[PDB]
There are 2 protein chains.
Amino acid sequence: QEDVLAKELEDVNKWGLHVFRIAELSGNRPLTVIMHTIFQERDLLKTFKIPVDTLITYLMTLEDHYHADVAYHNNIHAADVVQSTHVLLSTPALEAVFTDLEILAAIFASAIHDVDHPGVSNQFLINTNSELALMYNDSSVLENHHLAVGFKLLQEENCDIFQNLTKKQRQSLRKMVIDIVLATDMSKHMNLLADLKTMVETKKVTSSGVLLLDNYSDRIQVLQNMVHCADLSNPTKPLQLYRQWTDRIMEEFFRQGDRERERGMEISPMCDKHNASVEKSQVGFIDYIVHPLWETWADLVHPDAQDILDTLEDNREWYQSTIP
Amino acid sequence: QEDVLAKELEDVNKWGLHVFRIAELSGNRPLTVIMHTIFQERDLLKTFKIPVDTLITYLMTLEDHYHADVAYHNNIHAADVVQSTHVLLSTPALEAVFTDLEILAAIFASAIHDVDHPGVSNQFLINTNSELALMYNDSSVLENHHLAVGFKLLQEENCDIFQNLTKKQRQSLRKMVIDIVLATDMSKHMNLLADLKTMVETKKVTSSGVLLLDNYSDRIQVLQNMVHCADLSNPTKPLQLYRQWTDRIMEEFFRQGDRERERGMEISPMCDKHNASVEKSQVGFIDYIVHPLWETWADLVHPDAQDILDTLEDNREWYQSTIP
Ligand SMILES: O=C(O)c1ccc2c(c1)nc(Nc1cccc(Cl)c1)c1ccncc12
Ligand SMILES: O=C(O)c1ccc2c(c1)nc(Nc1cccc(Cl)c1)c1ccncc12
Ligand SMILES: [Mg+2]
Ligand SMILES: [Mg+2]
Ligand SMILES: [Zn+2]
Ligand SMILES: [Zn+2]
């Protein structure tokens, strides 16, 4: 089993990694083994003097604080978003564009971005007067919580993977990680996409053909959109992966709708298992959210993302075909 | 005691209320007695059907969560900002511009806006890796906490002063209160003032007198700047009031600087008791922050803020005269 898992992890640089199989082969530690593999691939342990035992201890603790009984927003999703961000970071149009600290921030942000997710939405937490919504004044409730937990866990025994960064490196990384995870709040999607469109329309490219990003605002905007794309990457994956992700988010949505029904609240969209259309919901999600985002990302890094966009368009055609 | 208490309460509608006397005559409950008196003057217990005993129970509970060993950001300051907001709400150029709910939101926001303040700044909390900064991801750390405490205390026994608001009224009040208190973060001052200035250059007014605000964005922005003005109203008050407030904020600042010194941190501006110029700092505070804010406000409600602006200019005159 160790051999086959190592074989599977050789695909860490590929879109379409068998992340559910890696979850199985790793003993439900996809986030730990995928993060560790990526950190070794990018030489991040040597670059930031991260003790390997500290890295594993933090990663296992972080993975533990994802909920194993949440169908979608769990450690497999976190590992998926981490690996997808890792691939997007390697795209040729971004070669040598980001520093080692920005790469570390984007990967760390992806790892923590949904930690301790309870499997219900921000609006559900707000409408039920949850403790979380009271703590965070109804504003990016979950995303603020994911950040707070992700950073707090660094203070557990032998968990401070950033112990050997300088003070300015720690300060800069913390700000970047916060800016990235707050951007995963879906209520910010339209604004994030509008800014990504503006950047594509005004794109500048250096003499070496890579993206020119000469200020923090543009650099962090690209990283925010990158992790957002990774978060919304399920419909761009091979269909056997996409359908499993769809099964899982529908189970989470239906369980939220069951709670909304039991409480006498209006049922959130796609959350009523009695009047649901899973296939129409996926086509509309692709048409109105995922394809607009990925077509814009593909424009930013053209032609690097052509195969990903082609898979997305094929999957939309397939889900559409199941409707008539 | 209670009848001398009453005659000074008589001028709750006047700039320059004797709040320190009121704090002494009330047994250190100025927030409770001033809030109660204001709700009667504006008929808020009747319009919103608030039980008078629940108003008092929550007010004493809220007042208790202000720190008695914090020289400035305590219950006396909270009572002063309440009373100043209450007066600014009667500006002629703003006669009933705001509905009864918006009036309630501005006054409630004023009461809770610094609750549980520890006497140190957001930057101190961030740079010391405090639990509060960890919870709130370095963003409006204190102001988010003030809100969360102020709302959580409503869930104590016989404290839900909003129990008889409709569910939509409770949701609308909550949103406005959050929008207002978050705007008291001094890091947002320039953005709030620039928008007040833009409103000035786009000011639409009647011939009858009043300002004309149609959309929620313009409206909440005036109330944000209103409570901001009340928060920064000390230098516009009669001089013997202003001088007492200055003694208290300098004591609080010096105690923070003593902590930045003993921890080896960079001492915040005005916090080094061995290198302080209290009078120069007041003149600078007025010149760069308080007067530009209050003169922009004065223009928006021209000319009802003329006397407040005059008194500020007089106090800047006097503080300047104390520099040799
Ligand atoms: O936040 C997540 O993790 C999250 C995760 C999954 C979905 C989502 C948000 N939002 C969806 N829809 C959506 C959301 C906002 C606006 C509009 Cl028009 C549509 C959606 C649809 C279909 N399948 C999965 C999702
Ligand atoms: O936040 C409060 O409660 C608060 C309370 C009092 C002061 C303050 C903020 N900020 C001051 N100065 C300041 C603050 C920000 C930027 C710049 Cl240039 C200056 C200041 C100066 C003098 N006296 C009292 C204060
Ligand atoms: Mg999320
Ligand atoms: Mg404050
Ligand atoms: Zn996610
Ligand atoms: Zn204040």
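Residue numbers in this text run from 1 along the chain shown.
Header says: X-ray crystallography, 1.5 Å.
Even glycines carry a Cβ here, placed using N, Cα and C.
Of all Cβ atoms in the shown protein chains, 23 besides its own fall within 10 Å of the Cβ of B:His73 (active site, proton donor). Feature annotation from Swiss-Prot assigns active site, proton donor to B:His73; the stated evidence is similarity to another entry.
Following the DSSP three-state reduction, the secondary structure of B:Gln282 (AMP binding site) is helix. Positions annotated as AMP binding site by Swiss-Prot, on the basis of experimental evidence: B:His73, B:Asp114, B:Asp231, B:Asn234, B:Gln282, B:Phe285.
Around B:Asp114 (AMP binding site), a 10 Å sphere centred on its CB holds 25 further CB atoms from the protein chains shown. DSSP classifies B:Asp114 (AMP binding site) as coil under the three-state reduction. Annotated Mn(2+) binding site per Swiss-Prot: B:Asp114, in sequence order.
Per Swiss-Prot, the feature Mg(2+) binding site maps to B:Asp114; the stated evidence is experimental evidence.
Taken from Swiss-Prot, the feature Zn(2+) 2 binding site applies to B:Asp114, supported by experimental evidence.
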Neighbourhood of B:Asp231 (AMP binding site) by C-beta distance under 8 A, where only residues 6 or more apart in the same chain count: B:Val81, B:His113, B:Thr184
Residues satisfying Cβ distance under 8 Å from B:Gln282 (AMP binding site), sequence separation of at least 6: B:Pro235, B:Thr246, B:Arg316, B:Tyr319
Cβ neighbour count (within 10 Å, all chains shown) around B:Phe285 (AMP binding site): 19
Binding-site residues whose CB lies under 6 angstroms from ligand 4, from B:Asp114, B:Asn234, B:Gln282, B:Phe285: B:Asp114
Listed binding-site residues among B:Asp114, B:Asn234, B:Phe285 whose Cα sits within 10 Å of B:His73 (active site, proton donor): B:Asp114
For B:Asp231 (AMP binding site), the three-state class that DSSP assigns: helix
